[PDB]
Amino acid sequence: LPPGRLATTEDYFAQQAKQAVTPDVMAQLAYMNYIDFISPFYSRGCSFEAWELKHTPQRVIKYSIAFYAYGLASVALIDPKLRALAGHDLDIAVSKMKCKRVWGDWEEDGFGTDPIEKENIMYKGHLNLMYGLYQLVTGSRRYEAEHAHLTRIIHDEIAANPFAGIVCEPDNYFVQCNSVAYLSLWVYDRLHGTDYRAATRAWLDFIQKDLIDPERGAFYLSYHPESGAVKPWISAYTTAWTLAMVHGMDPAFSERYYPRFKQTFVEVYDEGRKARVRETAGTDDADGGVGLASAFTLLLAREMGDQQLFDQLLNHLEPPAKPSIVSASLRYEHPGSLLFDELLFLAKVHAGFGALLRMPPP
């Protein structure tokens, strides 16, 4: 237990077997739920005080909510006594995700008045995955009509496109953002016995052509179908997020690229006690770009069962951020990136995307 660390890696990995979250995870849930008005999961309303206080840029709120939600889904698997609370928070998550504050960039940028109708997989992929996870956790059909409608839109759009998948902004294809959408299809299928996930093989074949550098185990930044262009830089955060989600659909795909990913991007330091992750090739700097390579790699390490790397990354990420528990609730004095408490929460509890898919009923 180094300074600035709250629990051992062994303890995080044991939560599910012990049917209990660690005290610090509980204290995170308290940050999420406790204080009136300002806690992020206080109400269904279009109130964003929590994100104003954290200074979360508007474009990022949608990811904040999504990643909290994916964490809450694993809380539900870990502790049956917390499943009702998790369901309640996922309900709030879904209802906040639909507020114009969250999606309104789509309109402000000039792309349309409806965030669901065509394109914008960055938003609606997450929303659709959230709808499914809500239902798996709770058994409630509150959103089932919307979920079916959005799942059908996604399916249809995939079928209509010459490339496998869907764009975010018009003409910008991102493999991370697609991975969320395809995973939402697997969840829908689990809930309804359908076969929307059959599209997955063609997508996995496609992202293995020009979009990946197979020797380095890394995806290029984006694809642009009008011109055919693949941006020539590889991206660590892009790859970590993508391999983590793909591991729940096609474990063998991620198992093949994971070791090469590590070789390409991960730097172990401080006599093996720490690790940090380079965002691109041709640099020794860690956490360039959006600054999320290390955080998404923490998640990936959790997904792949790599305790050693998880421990190394968390020794790098957590202590400089200065965690403390005040009134049984977790705060960080110095969050090192965007989506900081969200991604650390998620990675601490994450039961595996495959296990979320197979979640037993309430």
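Here, rigid core means the biggest group of C-alpha atoms that superpose within 1.5 Å across both forms. The first residue of the sequence shown is number 1, and the count goes up from there.
- For the pair 260-268 and 164-172, greater average C-alpha departure from the shown form in 4 other deposited structures of this protein after core alignment is found in 164-172.
- Taking only CA atoms, the mean B-factor in the PDB entry is higher for 156-164 than for the other of 287-295 and 156-164.
- Of the two segments, 201-209 and 87-95, the one listed with the higher mean B-factor is 201-209 (C-alpha atoms only).
- The maximum CA B-factor among the listed residues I121, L129, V175, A236, taken from the PDB record, is found at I121.
- Among the modelled residues of its chain, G71 has a C-alpha B-factor that falls in the lowest third, as given in the PDB entry.
- Per the deposited record, the Cα B-factor of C46 falls in the highest third when ranked against the other modelled residues of its chain.
- When the modelled residues of the chain are ordered by C-alpha B-factor, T9 sits in the middle third.
- Among all modelled residues in this chain, the alpha-carbon of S324 has a temperature factor (C-alpha) in the highest third.
- Per the deposited record, the Cα B-factor of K62 falls in the lowest third when ranked against the other modelled residues of its chain.
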